[PDB]
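One-letter residues, chain by chain:
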Amino acid sequence: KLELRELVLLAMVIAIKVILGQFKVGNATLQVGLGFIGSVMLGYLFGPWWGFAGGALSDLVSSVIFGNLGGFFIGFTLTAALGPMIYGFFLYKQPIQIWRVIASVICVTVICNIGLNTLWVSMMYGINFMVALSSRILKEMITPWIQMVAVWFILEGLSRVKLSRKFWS
Amino acid sequence: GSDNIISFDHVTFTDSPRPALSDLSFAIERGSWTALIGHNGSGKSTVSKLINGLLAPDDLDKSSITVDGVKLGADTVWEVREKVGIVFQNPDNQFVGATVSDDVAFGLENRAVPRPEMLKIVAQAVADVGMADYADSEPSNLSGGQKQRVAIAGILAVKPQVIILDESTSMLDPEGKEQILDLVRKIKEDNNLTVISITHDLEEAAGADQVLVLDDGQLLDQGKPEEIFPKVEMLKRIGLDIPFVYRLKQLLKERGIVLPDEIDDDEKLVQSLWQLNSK
Amino acid sequence: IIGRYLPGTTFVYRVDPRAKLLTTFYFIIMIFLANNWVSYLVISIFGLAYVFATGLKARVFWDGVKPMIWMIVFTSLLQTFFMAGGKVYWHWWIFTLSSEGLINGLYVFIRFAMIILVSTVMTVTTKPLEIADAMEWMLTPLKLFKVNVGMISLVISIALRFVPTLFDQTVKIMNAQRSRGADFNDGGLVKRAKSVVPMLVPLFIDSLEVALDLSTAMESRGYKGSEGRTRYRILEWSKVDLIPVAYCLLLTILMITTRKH
Amino acid sequence: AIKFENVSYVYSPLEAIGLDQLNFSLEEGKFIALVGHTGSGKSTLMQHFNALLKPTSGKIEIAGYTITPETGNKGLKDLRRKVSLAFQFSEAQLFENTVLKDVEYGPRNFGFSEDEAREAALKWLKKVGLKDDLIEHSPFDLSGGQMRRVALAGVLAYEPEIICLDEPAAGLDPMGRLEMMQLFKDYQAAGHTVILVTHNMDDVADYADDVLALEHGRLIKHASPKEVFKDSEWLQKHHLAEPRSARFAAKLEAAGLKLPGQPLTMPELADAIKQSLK
Ligand SMILES: Nc1ncnc2c1ncn2[C@@H]1O[C@H](COP(=O)(O)OP(=O)(O)NP(=O)(O)O)[C@@H](O)[C@H]1O
Ligand SMILES: Nc1ncnc2c1ncn2[C@@H]1O[C@H](COP(=O)(O)OP(=O)(O)NP(=O)(O)O)[C@@H](O)[C@H]1O
Ligand SMILES: [Mg+2]
């Protein structure tokens, strides 16, 4: 159901998500990767059902080029493809709303960053679930308070672009 | 012999108020370098996309686009697109393959050519454009000239009969422009193709066998390049940079030296000035 | 920053990328299946044999360990403190060291080291296009679900080819915006979040332009569909591909007997 | 007065000499133009003006500030205020909602008051020839020749003094190219240096006062264009081009027209031809 222009645009957005996984924001005290921004684009433009494929291929390409230094695994691909699905479900074509972005980031953090990524880490490294959860609870509890602003401004920018003559449909 | 014929056209894009191409009628002789010149946004790339069936006229009942004796229709675009190849403006946007000598194989892949034939055809096609030493090199390690050379190789692999240079050399160093124009003319002479070059530049079109001027989606004037440029008023009024020789002749006429309109190109002017000084 | 291939001559470089990728997935699977101390000794022996076979200097592996060394030590210490049993050694209010805790910390650091070593040997010792072809081949089983794998292969190829070009475009865009006077790291949270729109929006519009131009190019060269198209780059099995599988099988046999089972 | 002292940038197995020993002192208020073949490191030298890069071992004296290899990124928001760079495809940096807000996004970063920034943006859109009613349209909804003009009015609104332009008129129509070049040639008249980087050589012959020739990352010649295009053998040896008028004059000298002076521009060449025929 995707015309060839939209497939090439999906490849473009996957490449942008791969790139944005390396540009960090912050200082020596706290650094947040910008990879999440890629997700929201894959959630905002193409929707969830193609957002899943976008995320999976984004993780595959990131493993190919920049190297999956965390160990090749399918669970990590699932977690990298289960973010854009939620983002699309929440804000695919519905108008801009603050409650939508807040709920989206909270739901992705509860489902992807915690709850499933921690499960994969626990399974791979053989540690107990509580140990893995307490090892990365700090960053997965601090990050959403920054994501819910960065995603808001990114979504504002995308909504501004989509109303121009550049975007065909 | 008219290889390419376009009858009355309307290519109103979809939505926009004014048509992008009004009634446009022209023909291209086989083997003749025909150059389109028009103002920025006058509707040239739309003609390029119409030729190879990528778009279509809206009024299909009285619109004709004949290519090599094959009319353009709904069940024929995939045949006409085989014998017409376009080199687009951006050197790196159109580079689809992962590497050179893998991009040149895209045109053959799209036609299901067996691999034993592909492994020789791509090698020969890369050899024609002189990029032999750079086969299997990543796109980011090439300049604009090499990327355009590999795109020319790619559209030559399928062995087309029309090469439409859609402003191919409008993003390069003049040395690169000269090199690529020399390469394209060499390929045209060797393989006996027909080239249509779309250029805002006039020096490139100064050597064309024919010149077609587009203004606001209409065919303003048409003819040989030695009888189209001398009417400088038209080229000035539509916003085109007049070639150097004609601008110099206009300056001399302003200063008070009158020379024949037959005096085209540079060495003719040099000789005429020499005889005028010798008096 | 882009690409991590390091050329050489050793036989691991001649192993077909699909066989190597399957071996890495299988090693990751068989890491789970090891509990007893002699089983982790077997894991260590096999991982170190593979590492000494790939013939690489230790500095690339150290470069692969440095980014995530802090997480390694944090998780190992958490595992040591969480599980206690046997000798108590040094003690505190709640921080109870133990021989069981110490060996569990070592046996989780072993898993870290082996996963990192095998993944680094994959990423270093094969070209990116080879990994792309390996994954496009491994996605074959999806043909049974009627989903189209030609589209997925095309999308992977285009994204992989456009990652470096878009990276250069992104850094150029940031350079231009910084020359205009933008500050991309200072000013608090609201400023740091507002200063990502200039990074993205021109990049997104350039992506729209590139997508339209490339779609027009591929449509003009005859891309009717992903079905009915031969291939230029192919992967052919060799005799040296018998080396992984014979290795890859042998490991399994040991974990049938060596563990507690 | 811009001064460079042993400035040299280098990119590891990929150590490349992107720039070598440079020794030049550019004056203030002169239309300096950079020339060189492709891959001669014109952009690497260009990016040293606002300290986007930093010399590996050398010293830069730019607009009164000193740049050294160890200088940090803190404190440059008062240098990039006095040195503004317009990259090759400037139109690919527009992002804001309206053209006016995009133009005033420049001055707003440099402490300009909102009313002052808006008035400056209005003035510099009026000067670059953009239409009066085109101010509030979306920047993405314009043509190429108007996106370029908005971008040029963006990196030039806060009145910088050492502006550097990487081909500001790469893809404009001849009327637009003439308008932009006249705008810059008039901008320097107020006392601001307009360092330019163009492969094209006709406008450099017409406007520029100083020419910086770069060969493979090293400065080779630095003088007026009247003293650079004197012999074609040197230019052809070092890959540099030549303005069309000079080439035509050299070709005409073969027939023996003994042209007085040294023509470089089309009106100058025409006047020389007219004076010769007497
Ligand atoms: N996708 C489009 N949607 C609507 N209008 C368009 C589209 N593409 C082009 N146009 C308009 O149609 C006319 C002809 O377009 P086009 O032929 O692409 O101009 P152009 O001459 O190719 N620009 P250039 O490449 O710089 O010479 C112009 O008025 C364009 O603004
Ligand atoms: N970060 C860098 N620093 C220095 N040199 C670089 C860098 N990246 C690439 N180079 C190389 O340095 C040489 C000069 O680079 P560059 O300054 O871009 O030339 P250039 O001619 O000014 N580019 P262009 O504007 O298209 O003419 C080339 O061989 C580049 O490949
Ligand atoms: Mg440049």
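Sequence order as written determines residue numbers, which begin from 1 on each chain and need not coincide with the entry numbering; residues that lack coordinates are not included. Whichever chain is written first is A, and whichever ligand is written first is 1; the rest continue in order. The basis for every side-chain value is the complete set of non-hydrogen atoms in the structure, without hydrogens or water. Residues with missing side-chain atoms are left out of burial classes, side-chain pairs and their counts.

Attention now goes to the overall build of chain D. By definition, any uninterrupted DSSP run of H or I lasting at least four residues is a helix, any uninterrupted run of E lasting at least two residues is a strand, and each is numbered from the N terminus. Counting secondary structure elements, chain D contains nine helices and ten strands. Over its C-alpha trace chain D gives a radius of gyration of 20 Å, about what one expects of a compact globule, namely 19 Å for 278 residues. Considered along the principal axes of its C-alpha atoms, chain D spans approximately 65 × 50 × 35 Å. Throughout, the radius of gyration refers to the C-alpha atoms, and the reference size of a globule is 2.2 Å times the residue count to the power 0.38.

Surrounding ligand 2, one finds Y9(D), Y11(D), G18(D), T38(D), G39(D), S40(D), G41(D), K42(D), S43(D) and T44(D). Take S40(D): an N or O atom from its main chain is 3.3 Å from an oxygen atom of ligand 2. Residues are labelled near a given molecule or strand when at least one of their non-hydrogen atoms is within 4 Å of it. We call two N or O atoms a polar contact when they sit within 3.5 Å, provided that within protein one can donate a hydrogen and the other can accept it, with sequence-adjacent residues counted only if both atoms are side-chain atoms.

It is worth spelling out the sheet that holds strand 8 (residues 194-198) of chain B at this point. Paired through their backbone hydrogen bonds, the strands of a sheet run either parallel or antiparallel. Residues and elements named next belong to chain B. At least two DSSP bridges between two strands are required for those strands to pair. An order of 6-7-8-3-9-10 is seen for the six strands of this open sheet, with the pairing classed as mixed. Only two strands of the sheet have a single neighbouring strand rather than two, namely strand 6 (84-87) and strand 10 (218-223). Each strand of the sheet is rotated relative to its neighbour by a mean of 20°, with strand direction disregarded. Across five bridges, strand 7 (residues 162-166) lies against strand 8 in parallel orientation. Bridge pairing links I163 to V195 in strand 8. Contacting strand 6 and strand 7, helix 5 (residues 144-157) crosses the sheet at an angle of about 170° to strand 6. Only C-alpha atoms enter the line fits that serve as axes; for helices the fit covers just the stretch in contact. Angles between N-to-C directions range over 0 to 180 degrees. We call two residues in contact whenever any of their non-hydrogen atoms come within 4.5 Å of each other.

Take the pattern of salt bridges next. As a working rule, side chains carrying opposite charge can pair if their charged atoms are close by. All names here are of chain B. Throughout this description, the term salt bridge denotes a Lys or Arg side-chain nitrogen within 4 Å of a carboxyl oxygen of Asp or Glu. Scanning all chains against the criterion turns up 26 salt bridges over all chains. The partner of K44 in a salt bridge is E167, and the shortest N-O contact between them spans 4.0 Å. Here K44 is found in the loop between strand 3 (34-38) and helix 1 (45-51), whereas its partner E167 is found in the loop between strand 7 and helix 6 (174-191), with 123 residues between them in sequence. Summarising the burial analysis for this pair, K44 and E167 share the class buried. In this structure, a network of salt bridges that share partners links the residues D3, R30, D68 and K83. We call a residue buried when its accessible area falls under 20% of the maximum for its residue type, exposed when it is over 50%, and partly exposed in between, using a 1.4 Å probe and counting protein chains only.

No other pair among the five pairs of chains in contact exceeds the contact count of chains A and C. Here chain A and chain B are not in contact; the least distance found between their C-alpha atoms is 9 Å.

With water omitted from the atoms examined, metal sites may look incomplete; donors here are N, O and S atoms no farther than 2.8 Å from the metal, or 3.2 Å in the case of Na, K and Ca. Only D166(D) (OD) and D166(D) (OD) from the protein coordinate the magnesium ion (ligand 3), and they sit 2.3 to 2.7 Å from it. Here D166(D) is to be found in strand 7 (residues 162-166).

This part covers the UniProt feature "binding site: ATP" in chain D. All names here are of chain D. Taking the UniProt record as the reference, the feature "binding site: ATP" is found at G36, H37, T38, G39, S40, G41, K42 and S43. Mapped onto the elements of the fold, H37 is located in the loop between strand 3 (32-36) and helix 1 (42-46). Setting aside chain neighbours within four positions, we find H37 in contact with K42, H199, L214, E215, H216, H239 and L240. Here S40 is to be found in the loop between strand 3 and helix 1. By relative accessible area, which is 1% here, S40 ends up buried. When residues no more than four places from it in sequence are discounted, the contact partners of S40 are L214, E215, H216 and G217. UniProt positions are given in the numbering used here, feature names are shortened, and annotations may be inferred rather than shown by experiment.

Further remarks concern the interface of chain D and chain A. Chain D puts six residues into the contact, and the matching count from chain A is five residues. By convention, the term buried area covers the 1.4 Å-probe accessible surface removed from two parts as they join, with the contributions of both added. Across the interface of chain D and chain A, roughly 490 Å² is buried in total on both sides, 56% from carbon and sulfur atoms. When residues of chain D are sorted by the area they lose upon contact with chain A, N97(D), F140(D) and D141(D) head the list and together hold 72% of the total. Between chain D and chain A we count zero salt bridges in total. Linking chain D with chain A are two residue pairs in polar contact, by the criterion used here. Three classes are used: nonpolar for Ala, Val, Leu, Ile, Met, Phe, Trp, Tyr, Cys and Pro, charged for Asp, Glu, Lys and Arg, and polar for all others, with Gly counted as polar. Its residues assigned to classes, the side of chain D that touches chain A comprises three nonpolar, one polar and two charged.

Residues and elements named next belong to chain B. Neighbouring ligand 1 are 13 residues; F13, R18, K44, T46 and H200 lie closest to it. Here an oxygen atom of ligand 1 sits 3.3 Å away from a polar atom, N or O, in the main chain of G41. Within the side chain of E167, one N or O atom sits 3.2 Å away from an oxygen atom of ligand 1. For ligand 1, the protein covers 63% of the area, taking 620 Å² as the surface of the free molecule. Partitioned by chemical class, the residues of the shell around ligand 1 number two nonpolar, eight polar and three charged. Shrake-Rupley sampling with a 1.4 Å probe provides the accessible areas, and residues are treated as covered by the protein chains on show and by no other component.

Residues and elements named next belong to chain D. Strands sit in the order 6-7-8-3-9-10 across an open sheet of six strands; the sheet is mixed. Among the strands making up the open sheet, the edge pair consists of strand 6 (85-86) and strand 10 (218-223). Bridge count between strand 6 and strand 7: two bridges; the pairing is parallel. Paired with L85 across the bridge in strand 7 is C164.

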